[PDB]
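Before any questions on binding or motion, here is one chain by itself as structure tokens, the form deposited in one PDB entry.
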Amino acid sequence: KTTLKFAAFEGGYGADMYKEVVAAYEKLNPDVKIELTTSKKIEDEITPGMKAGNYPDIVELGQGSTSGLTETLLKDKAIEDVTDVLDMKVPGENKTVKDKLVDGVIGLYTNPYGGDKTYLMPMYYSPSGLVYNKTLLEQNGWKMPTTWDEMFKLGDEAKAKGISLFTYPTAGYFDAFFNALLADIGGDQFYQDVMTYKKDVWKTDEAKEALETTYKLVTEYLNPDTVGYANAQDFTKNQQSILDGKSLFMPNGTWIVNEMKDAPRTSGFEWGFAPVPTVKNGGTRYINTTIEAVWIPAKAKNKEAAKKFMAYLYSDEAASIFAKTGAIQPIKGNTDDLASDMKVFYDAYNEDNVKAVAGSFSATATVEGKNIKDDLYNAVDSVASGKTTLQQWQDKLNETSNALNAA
């Protein structure tokens, strides 16, 4: 009867998840009609509607997308406050969303403005770090490095066999990379200082070491085809180098299995997962808790019906549908009885001296002509191409961060 418009980003977990979730919600609430749209370019799909005033009612699109639409709408104050959804009952169950959510998932990612208001409800619960061919390392006797000195020495040995040490799909995948690396060096509070634009945080030795370590990685041990493929159309080709054995490591999450399931691979390939190495021996290594976001535009016409469907996305019925391709909703018990192909990822949490890290940059203030994500993530391509020095990389980060601190 009543029509709801839902637009969901199609990623490594696939688009058939939302087709099956929408149909299940329409089975529970037959008076609700959901016009589902899935696309790998959500902004280009819904922009004609937003330009014509026909906004979607609910959008699944986490931060760090290629278009940056979620961050743009947060800057423009165009995303509805959905704090009340936490206290809403999940359709078909006798519990609230806040009761089912895992502890600590509400933070700077879900509350980008820094307060207790939730604007981006957490989607998925994927650990992020480095993925590799477990078989290739074992056949060459190469142990998984825990430090970057072991990492660079491994890159020297791999190049003698025609293998580059490092690659990445797009430069945006350094969000989880730096989240772990910054917490590896400076610690928990230091990472929060970076996300909250603490004064002169990028002039600290901890922040300089994270950039210098990433500098040597992308200027010497990078696959020569990485930058040329670091786009929305060719990012799977950089990931394909891992399956072909031409690259050893790349930063990614649990969606990589279903995303590359039909791709060719070296004989006996097996997915390996590990946290991002730290700098010091025996130091704590962090695993990034990568979540996406579901939200409601401020210009949506059917906000109440979208809130009830958003609460349904945390039901057990929707969780079982999402988990078929590796998408683990951030609800309790969802890491129990995990699929076999997810075990190699979540078992990394059981390693010694390994903690979790989560969050993104604070959207509490905006400065004209400055994006801190471009100066840290997107700048990796310029650094790898040789157009940006280590000092220039650090100076622009400090200038933009301190400018956001004063705003």
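Residue positions are given as counts along the sequence shown, with the first one as 1. Under this definition, the rigid core comprises the largest set of C-alpha atoms superposing within 1.5 Å between the forms. Residues that one form lacks are left out of the comparison.
The discussion below concerns the form deposited in another entry, not included here.
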query: Rigid-core fit between this form and the one not shown, the member of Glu45, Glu26, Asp341, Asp374 whose C-alpha shifts 2 angstroms or more; finding: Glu45
query: Cα-Cα shift for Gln233 and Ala52, closer or farther in that other deposited form, minimum 3 Å; finding: farther
query: Residue pair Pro48, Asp76 - Cα distance in that other deposited form, closer or farther (3 Å or more); finding: closer
query: Superposed on the rigid core, segments between this form and the one not shown of at least 3 residues with Cα shifts of 2 Å or more; finding: 44-53
